[PDB]
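# Experimental structure and sequence below, a few questions after.
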Amino acid sequence: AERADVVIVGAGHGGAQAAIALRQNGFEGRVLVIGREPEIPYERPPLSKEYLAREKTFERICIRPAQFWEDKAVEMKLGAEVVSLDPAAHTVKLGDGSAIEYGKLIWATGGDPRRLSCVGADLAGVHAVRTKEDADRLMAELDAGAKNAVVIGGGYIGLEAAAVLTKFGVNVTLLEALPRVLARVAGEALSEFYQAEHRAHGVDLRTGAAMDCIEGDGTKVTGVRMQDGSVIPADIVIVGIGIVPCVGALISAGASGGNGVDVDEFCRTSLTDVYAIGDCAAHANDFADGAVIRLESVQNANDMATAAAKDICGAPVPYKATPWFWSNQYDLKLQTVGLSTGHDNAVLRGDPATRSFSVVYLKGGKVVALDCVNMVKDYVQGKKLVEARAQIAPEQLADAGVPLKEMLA
Ligand SMILES: Cc1cc2nc3c(=O)[nH]c(=O)nc-3n(C[C@H](O)[C@H](O)[C@H](O)COP(=O)(O)OP(=O)(O)OC[C@H]3O[C@@H](n4cnc5c(N)ncnc54)[C@H](O)[C@@H]3O)c2cc1C
């Protein structure tokens, strides 16, 4: 029976970083990663940014070069997926029926997009832009002359995808069910800014737009059936709504968790010797006042990968890192630190008209988050304020003429 000391399932950010972290902390056993995609670990943020826009090759988005994995003795079974697991037998079953045995297991499977077809079948070219493969198809379809795109969801991915699509000179309609874009991740100051910016770039942006399902001709997408129930014609649909954690096999095996899979501060699930990291793993977060949340970011994947590995190496260090995020749309470079969710005050810092400003978020008089559009100084210094839970007057924060670092006691 094929067996590894550590088996990593998923070869994305979590998986790759998990393997890197293992070796960097001196792990010497066999390390095997099983990833359902055919290519070596590559970065996902480019899929709605520089890669989709053909400013980077595939080589320049790879997490590590091919030779690195050879050097670090990281074995990889690509184009293979774990279909189930037996936590008792410490065993994993693959899509071809074969079984691999593990000492420790790291579940880094991320999530998958919602299926939104009117008649339930897969449609070209409906894209979540979550794989290199999918991005490549969208790119090919654009070359071949597809010109009417409908983006579903006003989250970061949706906006980014919309933005790069306008660079291709095609028609872009964005649909947001909520009263504003970014409603789940930022305040109204940011929303207004991005809505205004996108519209100025030719995007037909529609809020309170509730969608039913995606129409096709049996082979390809032709429109988006709304709930009202008009149809918007489309030859391209971008699905940018909440993903579903690829967690099924864990739940089936008895792992606890309502939203993905639950893990402690060492990224351990309720099943012995199995960890979960990245998009699929829910965790109690200090910057969310103890609530068990499921962050979907590179920072989070990186940091959970580290904690799982350190624990596996026998030198555990809790996952206590400060959450951060970024979004690149047009010439707008957003950098976010902390979690704004549940803020009671959002202080505008600078002038949105200059397209370089910050929003400082507070809760109960304490700084909890920053959104920084082309404002790296505020982002860098703001981290300290977020970590300090700094109690600074809004009247002080709002003065862009004073550096944030000067404000803390
Ligand atoms: C278009 C796009 C843009 C993004 N931009 C940003 C950004 O700008 N900044 C930021 O912080 N975050 C961004 N993100 C989010 C970030 O990429 C994710 O948080 C990160 O990928 C999570 O790491 P992960 O390992 O948990 O999931 P992933 O990196 O997605 O890796 C999961 C891998 O596991 C594989 N898998 C699934 N099921 C199985 C199975 N059963 N067996 C084996 N393998 C399996 C999948 O094929 C996938 O390759 C973006 C995401 C997308 C989709």
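It's in. Numbering: from 1, shown residues only.
# per the record, what domains does the chain have?
1-114+242-323, 115-241, 324-409 (curated CATH domains).
# for the ligand, what are the nearby residues on this structure?
Residues of the chain lying close to the ligand by Cβ under 6 Å from any ligand atom are 9-15, 34-37, 44-45, 47-48, 81-82, 108-110, 129-130, 157, 246, 278-280, 296-299, 301, 325-327. For every residue, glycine as well, the C-beta is placed using N, CA and C.
# For the longest helix out of those in the chain, give me every contacting residue.
Looking across the chain with DSSP state H, the single longest helix is helix 298-312. With Cβ atoms under 8 Å, 6 or more residues apart in numbering as the test, helix 298-312 has contacts from 6, 12-18, 20-22, 24-25, 27, 43-45, 104, 106, 108, 263, 265-268, 275, 277-279, 281, 283, 316-319, 321, 323-325.
# Past that helix, which element shows up next along the chain?
strand 324-329 (DSSP states H and E).
# Parallel or antiparallel, list what pairs with that following strand.
According to DSSP bridges, strand 324-329 forms sheet pairs with strand 332-338 (antiparallel).
# Kindly export the strand it pairs with (C-alpha atoms) in CSV.
Only the C-alpha atoms of strand 332-338 are listed here, as CSV (Å, rounded to 0.1, in the frame of the first residue of the first chain):
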residue,chain,number,x,y,z
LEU,A,332,-6.9,51.2,-8.5
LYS,A,333,-4.8,49.3,-6.1
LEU,A,334,-6.7,48.4,-2.9
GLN,A,335,-5.0,47.1,0.2
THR,A,336,-7.0,46.0,3.2
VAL,A,337,-6.0,45.1,6.7
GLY,A,338,-8.2,43.9,9.5
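# That strand: how far from the chain's middle?
Offset of strand 332-338 from its chain centre (Cα atoms, centre = their mean, to the nearest Å): 14 Å.
# go on, stretch 273-289?
14 Å.
# same check, this time on stretch 330-339
Centre-to-centre, stretch 330-339 and its host chain are 14 Å apart (Cα atoms, centre = their mean).
# for stretch 167-186, same thing?
The answer for stretch 167-186 is 17 Å, by Cα atoms, centre = their mean.
# tell me how far the ends of it are from each other?
25 Å (Cα to Cα, to the nearest Å).
# What residue in the stretch 251-400 of the chain comes nearest to the ligand?
residue 278 (2.0 Å; Cβ to the nearest ligand atom).
# ok, for residue 121, nearest residue in space, not its chain neighbours?
Leaving aside its chain neighbours, residue 121 sits nearest to residue 216 (7.4 Å; criterion: Cβ to Cβ, 6 or more residues apart in numbering).
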